[PDB]
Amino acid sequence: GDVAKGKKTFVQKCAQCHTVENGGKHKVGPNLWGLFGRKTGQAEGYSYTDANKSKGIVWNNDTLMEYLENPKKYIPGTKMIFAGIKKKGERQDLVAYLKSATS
């Protein structure tokens, strides 16, 4: 996807609850550094819901694309209160930025 477009999407819709940098602080949600290739709910020091911790899947392009379309549907009981990015293209650009900014 388009990393530059994804960044603006992140700043507009995710930044209020997330940081991406290495050593980043947990805000409402967990810092996202090292997200790709890691199982759900593994950010150090963040108190996840049992649901986010128990999902058991590995975060990558396919799982993130599905999750971000409708967070609560993918992880029922999650405390991430966000409706989701409905447009596929916008979601792909965001994933591209996420992959570039979290490693």
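Residue positions are given as counts along the sequence shown, with the first one as 1.
- Comparing 11-19 with 88-96, the higher mean C-alpha B-factor in the PDB entry belongs to 88-96.
- Ranked against the other modelled residues of its chain, the C-alpha B-factor of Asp62 as given in the entry falls in the highest third.
- In this PDB entry, the Cα temperature factor of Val28 sits in the middle third of its chain's modelled residues.
- Sort the chain's modelled residues by C-alpha temperature factor and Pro76 lands in the lowest third, per the entry.
- In the deposited entry, the Cα temperature factor of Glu44 sits in the top third of values across the chain's modelled residues.
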